[PDB]
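These notes are about the structure you will find just below.
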Amino acid sequence: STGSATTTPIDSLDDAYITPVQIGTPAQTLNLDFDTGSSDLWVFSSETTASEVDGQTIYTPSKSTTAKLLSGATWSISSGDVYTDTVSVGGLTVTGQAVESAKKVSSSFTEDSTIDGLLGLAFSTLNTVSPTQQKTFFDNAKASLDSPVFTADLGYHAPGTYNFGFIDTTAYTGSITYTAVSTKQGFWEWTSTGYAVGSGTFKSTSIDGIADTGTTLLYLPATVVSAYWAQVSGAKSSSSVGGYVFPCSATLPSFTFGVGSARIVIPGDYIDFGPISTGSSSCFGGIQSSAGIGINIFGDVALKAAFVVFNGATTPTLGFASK
């Protein structure tokens, strides 16, 4: 089996991407945030505190003939109980998928009406269901997939594609470079071989990080991020804003990261996240320091510059191609 679904930016900044997902019988279609940095499938539901719902499409398990309460199971990340139900992505169907129903949701989600929930695609060891931990959609699908892979092809200010079970050889240029993955923290964790700023020379240096479609920006060590922003006239780190900002009049340099011997180039425009407030001439930067995070994160800024293969074979790997 295979599946293929279009993913769409939620706003003009590519702050996140939503992908339609069919849940239940008859289908209830929710727009979920596919997140390779977490491992829960959770949704706004008919059980979510009414005050905390503001425009989202909710999952109603009582209207689904295939929904079953997973008795005693709870989750907490935003929290609630758990159902099993039929879940389909882009034509690919999983039966008995754990669907985690929000009783309560953070204010951050209530405020963002375009995201109906999350679909986690990290390793199932990070799943928060208790007392019986649950499998991700990908893990459940693996048995039936033609190949145990999914690919992320995120667009820049444009729709993209998530594919399951196959690699679309028309979707990238050149070859896919594969690199080792550590699952020890439950993430798609890998080691970049270095970086370059604009047309500058490539610096060979190991950067351990995660491929995280659920994170908007690129978070790298302070040394690297300082070298980048030093090439932008007027750029500075602002404690009031919470990161690097730059004059909206600036032209940003590209940023290159290494994948083995290969190179992925992030165009400068990808690093522009626009005015910090309406009318401001200060703009927010898309490359930020990981120093207060504890881990480097190859978020959407980096990932959308590439065709990315998440290989969930017994020895997992990550592949990157230019496109």
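We name chains A, B, ... following the order of the structure tokens; residues begin at 1 in each chain, and ligands are numbered from 1 as shown.
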
- Message: Report as a ChimeraX atom specification all protein, DNA and RNA residues lying within 7 Å of segment 127-140 of chain A, evaluated on only C-alpha atoms, omitting residues in the same chain fewer than 4 positions from it.
- Response: /A:39-40,73-77,94,97-98,120-121

- From a DSSP calculation on the backbone, collect every residue of segment 55-290 of chain A in strand (DSSP E or B) and output the set as a PyMOL selection string. chain A and resi 59+68-76+79-89+92-104+117-120+130+149-153+160-164+177-180+182+189-197+203-211+218-220+236-238+243-247+255-259+262-266+272-275+282-285+287-289

- Message: At a cut-off of 9 Å, using only C-alpha atoms, what residues contact segment 29-37 of chain A? Leave out same-chain residues fewer than 6 positions from it and give the result as a PyMOL selection string.
- Response: chain A and resi 7+16-23+43+56-59+114-123+162+186-188+210-215

For N, CA and C atoms, I'd like the residues from the last selection saved as a CSV table (one decimal), in the first residue's frame.
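Ended up saving to part_12.csv:
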chain,number,residue,atom,x,y,z
A,7,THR,N,0.2,18.8,1.7
A,7,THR,CA,0.3,19.6,2.9
A,7,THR,C,0.4,21.1,2.5
A,16,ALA,N,3.4,26.8,9.9
A,16,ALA,CA,3.2,25.4,10.1
A,16,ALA,C,2.5,24.9,8.8
A,17,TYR,N,2.3,23.6,8.7
A,17,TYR,CA,1.7,23.0,7.5
A,17,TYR,C,0.5,22.1,8.0
A,18,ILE,N,-0.6,22.1,7.3
A,18,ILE,CA,-1.7,21.2,7.6
A,18,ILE,C,-2.0,20.2,6.5
A,19,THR,N,-2.4,19.0,6.9
A,19,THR,CA,-2.6,17.9,5.9
A,19,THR,C,-4.0,17.3,6.3
A,20,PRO,N,-4.8,17.1,5.3
A,20,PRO,CA,-6.2,16.5,5.6
A,20,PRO,C,-6.0,15.0,6.0
A,21,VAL,N,-6.8,14.6,7.0
A,21,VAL,CA,-6.7,13.3,7.5
A,21,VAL,C,-8.2,12.8,7.7
A,22,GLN,N,-8.5,11.6,7.3
A,22,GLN,CA,-9.8,11.1,7.5
A,22,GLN,C,-9.9,10.2,8.7
A,23,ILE,N,-10.8,10.5,9.6
A,23,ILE,CA,-10.9,9.7,10.8
A,23,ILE,C,-12.3,9.2,11.0
A,43,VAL,N,-6.4,15.1,18.7
A,43,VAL,CA,-7.4,15.9,17.9
A,43,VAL,C,-8.3,16.7,18.9
A,56,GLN,N,-11.9,25.4,15.3
A,56,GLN,CA,-11.4,24.1,14.9
A,56,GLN,C,-12.5,23.1,14.5
A,57,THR,N,-12.2,22.2,13.6
A,57,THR,CA,-13.0,21.1,13.3
A,57,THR,C,-12.8,20.0,14.3
A,58,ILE,N,-13.8,19.5,14.9
A,58,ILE,CA,-13.6,18.5,16.0
A,58,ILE,C,-14.0,17.1,15.6
A,59,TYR,N,-13.3,16.2,16.2
A,59,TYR,CA,-13.6,14.8,16.0
A,59,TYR,C,-14.7,14.4,17.0
A,114,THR,N,-6.6,27.0,12.5
A,114,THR,CA,-6.4,26.3,11.3
A,114,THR,C,-5.9,24.8,11.6
A,115,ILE,N,-5.4,24.6,12.8
A,115,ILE,CA,-4.8,23.3,13.1
A,115,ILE,C,-5.8,22.5,14.0
A,116,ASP,N,-6.3,21.4,13.5
A,116,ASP,CA,-7.3,20.6,14.2
A,116,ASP,C,-6.7,19.5,15.1
A,117,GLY,N,-5.4,19.4,15.0
A,117,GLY,CA,-4.7,18.4,15.8
A,117,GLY,C,-3.3,18.1,15.3
A,118,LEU,N,-2.7,17.1,15.9
A,118,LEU,CA,-1.3,16.7,15.5
A,118,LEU,C,-1.3,15.3,15.0
A,119,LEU,N,-0.5,15.0,14.1
A,119,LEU,CA,-0.2,13.6,13.7
A,119,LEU,C,1.3,13.3,13.9
A,120,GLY,N,1.7,12.7,14.9
A,120,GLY,CA,3.1,12.5,15.3
A,120,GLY,C,3.7,11.4,14.4
A,121,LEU,N,5.0,11.7,14.0
A,121,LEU,CA,5.7,10.8,13.1
A,121,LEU,C,7.1,10.5,13.6
A,122,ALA,N,7.4,10.9,14.9
A,122,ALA,CA,8.6,10.4,15.6
A,122,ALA,C,8.5,9.0,16.0
A,123,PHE,N,9.4,8.5,16.8
A,123,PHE,CA,9.3,7.1,17.1
A,123,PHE,C,8.4,6.8,18.3
A,162,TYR,N,3.2,14.9,1.5
A,162,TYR,CA,3.7,13.8,2.3
A,162,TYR,C,3.4,12.5,1.6
A,186,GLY,N,14.3,9.1,20.7
A,186,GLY,CA,13.0,9.0,20.1
A,186,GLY,C,12.8,9.8,18.9
A,187,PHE,N,13.8,10.6,18.5
A,187,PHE,CA,13.7,11.5,17.4
A,187,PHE,C,14.4,11.0,16.1
A,188,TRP,N,14.1,11.6,15.0
A,188,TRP,CA,14.9,11.4,13.8
A,188,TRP,C,16.1,12.2,13.9
A,210,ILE,N,17.9,17.2,15.0
A,210,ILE,CA,16.7,16.4,14.7
A,210,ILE,C,16.0,17.0,13.5
A,211,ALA,N,15.4,16.1,12.6
A,211,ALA,CA,14.6,16.5,11.5
A,211,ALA,C,13.2,16.6,12.0
A,212,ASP,N,12.7,17.8,12.2
A,212,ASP,CA,11.5,18.1,12.9
A,212,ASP,C,10.5,18.9,12.1
A,213,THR,N,9.5,18.3,11.5
A,213,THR,CA,8.6,19.0,10.6
A,213,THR,C,7.6,19.9,11.5
A,214,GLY,N,7.6,19.6,12.8
A,214,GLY,CA,6.7,20.3,13.7
A,214,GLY,C,7.3,21.6,14.3
A,215,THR,N,8.5,21.9,13.8
A,215,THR,CA,9.2,23.1,14.3
A,215,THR,C,9.4,24.0,13.1

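Within 10 Å of residue 145 of chain A, once only C-alpha atoms are used and residues closer than 4 positions along the same chain are dropped, the contacting residues are residues 1, 2, 3, 92, 138, 140, 141, 149, 150, 164, 165 and 166 of chain A.
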
Write the residues of the selection above to a file with N, CA, C and O atoms, as a PDB file, in the first residue's frame.
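As a result, result_34.pdb now contains:
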ATOM      1  N   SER A   1       0.826  -1.204   0.000  1.00  0.00           N
ATOM      2  CA  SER A   1       0.000   0.000   0.000  1.00  0.00           C
ATOM      3  C   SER A   1       0.862   1.256   0.000  1.00  0.00           C
ATOM      4  O   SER A   1       2.031   1.215   0.369  1.00  0.00           O
ATOM      5  N   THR A   2       0.269   2.361  -0.441  1.00  0.00           N
ATOM      6  CA  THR A   2       0.916   3.670  -0.376  1.00  0.00           C
ATOM      7  C   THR A   2      -0.135   4.707  -0.011  1.00  0.00           C
ATOM      8  O   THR A   2      -1.334   4.441  -0.071  1.00  0.00           O
ATOM      9  N   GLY A   3       0.326   5.890   0.383  1.00  0.00           N
ATOM     10  CA  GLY A   3      -0.561   7.021   0.571  1.00  0.00           C
ATOM     11  C   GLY A   3       0.164   8.257   0.084  1.00  0.00           C
ATOM     12  O   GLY A   3       1.392   8.279   0.040  1.00  0.00           O
ATOM     13  N   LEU A  92      -4.181   5.941   2.178  1.00  0.00           N
ATOM     14  CA  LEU A  92      -3.606   4.880   3.008  1.00  0.00           C
ATOM     15  C   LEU A  92      -4.381   4.742   4.309  1.00  0.00           C
ATOM     16  O   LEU A  92      -4.521   5.708   5.050  1.00  0.00           O
ATOM     17  N   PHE A 138       2.419   5.944  11.357  1.00  0.00           N
ATOM     18  CA  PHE A 138       3.453   5.365  10.501  1.00  0.00           C
ATOM     19  C   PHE A 138       3.832   3.963  10.949  1.00  0.00           C
ATOM     20  O   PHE A 138       3.923   3.051  10.127  1.00  0.00           O
ATOM     21  N   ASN A 140       2.025   1.893  12.655  1.00  0.00           N
ATOM     22  CA  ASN A 140       0.920   0.988  12.370  1.00  0.00           C
ATOM     23  C   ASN A 140       0.844   0.654  10.882  1.00  0.00           C
ATOM     24  O   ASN A 140       0.551  -0.484  10.514  1.00  0.00           O
ATOM     25  N   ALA A 141       1.128   1.636  10.033  1.00  0.00           N
ATOM     26  CA  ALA A 141       1.047   1.462   8.581  1.00  0.00           C
ATOM     27  C   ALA A 141       2.174   0.599   8.003  1.00  0.00           C
ATOM     28  O   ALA A 141       2.025   0.044   6.912  1.00  0.00           O
ATOM     29  N   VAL A 149       8.760   3.596   4.537  1.00  0.00           N
ATOM     30  CA  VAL A 149       9.287   4.956   4.461  1.00  0.00           C
ATOM     31  C   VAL A 149       8.150   5.952   4.359  1.00  0.00           C
ATOM     32  O   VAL A 149       7.042   5.603   3.931  1.00  0.00           O
ATOM     33  N   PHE A 150       8.427   7.188   4.744  1.00  0.00           N
ATOM     34  CA  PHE A 150       7.587   8.292   4.299  1.00  0.00           C
ATOM     35  C   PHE A 150       8.503   9.444   3.888  1.00  0.00           C
ATOM     36  O   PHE A 150       9.666   9.489   4.279  1.00  0.00           O
ATOM     37  N   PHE A 164       3.648   8.214   1.723  1.00  0.00           N
ATOM     38  CA  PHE A 164       3.896   7.042   2.554  1.00  0.00           C
ATOM     39  C   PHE A 164       4.095   5.800   1.701  1.00  0.00           C
ATOM     40  O   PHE A 164       3.295   5.507   0.818  1.00  0.00           O
ATOM     41  N   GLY A 165       5.177   5.074   1.954  1.00  0.00           N
ATOM     42  CA  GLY A 165       5.373   3.775   1.335  1.00  0.00           C
ATOM     43  C   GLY A 165       6.103   3.758   0.005  1.00  0.00           C
ATOM     44  O   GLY A 165       6.328   2.687  -0.551  1.00  0.00           O
ATOM     45  N   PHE A 166       6.487   4.926  -0.504  1.00  0.00           N
ATOM     46  CA  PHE A 166       7.233   4.978  -1.759  1.00  0.00           C
ATOM     47  C   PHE A 166       8.018   6.275  -1.881  1.00  0.00           C
ATOM     48  O   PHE A 166       7.713   7.270  -1.215  1.00  0.00           O
TER      49      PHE A 166
END

Select from segment 269-321 of chain A everything DSSP, run on the backbone, classes as helix (DSSP H, G or I), then give the selection as a short mmCIF file (atom, residue, chain, number, x, y, z; two decimals) with N, CA, C and O atoms, in the first residue's frame.
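Produced file out_13.cif, reproduced below:
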data_model
loop_
_atom_site.label_atom_id
_atom_site.label_comp_id
_atom_site.auth_asym_id
_atom_site.auth_seq_id
_atom_site.Cartn_x
_atom_site.Cartn_y
_atom_site.Cartn_z
N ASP A 269 15.79 33.95 1.01
CA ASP A 269 14.40 34.33 1.21
C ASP A 269 13.67 33.40 2.19
O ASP A 269 12.74 33.84 2.87
N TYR A 270 14.11 32.14 2.28
CA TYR A 270 13.49 31.18 3.20
C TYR A 270 13.70 31.57 4.66
O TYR A 270 12.99 31.09 5.54
N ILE A 271 14.68 32.43 4.91
CA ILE A 271 15.09 32.77 6.27
C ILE A 271 14.39 34.06 6.73
O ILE A 271 14.54 34.51 7.87
N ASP A 300 11.28 23.42 9.67
CA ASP A 300 10.72 23.59 8.34
C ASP A 300 11.61 24.46 7.45
O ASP A 300 11.72 24.20 6.26
N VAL A 301 12.23 25.50 8.02
CA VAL A 301 13.15 26.34 7.24
C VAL A 301 14.19 25.53 6.48
O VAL A 301 14.44 25.77 5.30
N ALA A 302 14.75 24.52 7.14
CA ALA A 302 15.75 23.67 6.52
C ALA A 302 15.08 22.61 5.67
O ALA A 302 15.50 22.34 4.54
N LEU A 303 14.06 21.98 6.22
CA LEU A 303 13.50 20.80 5.56
C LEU A 303 12.83 21.15 4.24
O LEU A 303 12.88 20.36 3.31
#

- Query: Within 8 Å of segment 251-267 of chain A, counting only C-alpha atoms, which residues qualify if same-chain residues fewer than 2 places away don't, as an MDAnalysis selection string?
  - Reply: chainID A and resid 177:179 191:199 228 231:232 249 269:272 301:302 305:306 320:322

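Considering the residues A:24, A:312, A:80, A:61 and counting only C-alpha atoms, residue 48 of chain A has its shortest atom-to-atom contact with A:80.
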
- Message: Give me, as a PyMOL selection string, all polymer residues having an atom no more than 8 Å from residue 287 of chain A, counting only C-alpha atoms and skipping those fewer than 5 positions away in the same chain.
- Response: chain A and resi 217-220+225+244+271+301

- Item | Contacts of residue 13 of chain A at 9 Å (only C-alpha atoms; same-chain gap of 6+ positions) as a list in words | residues 156, 157, 272, 273 and 274 of chain A

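You can rank A:41, A:87, A:154, A:99 by their closest distance to residue 25 of chain A using only C-alpha atoms, and at the top of that list sits A:87.
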
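Atom pair atom CA of residue 323 of chain A / atom CA of residue 163 of chain A: separated by 15.5 Å.
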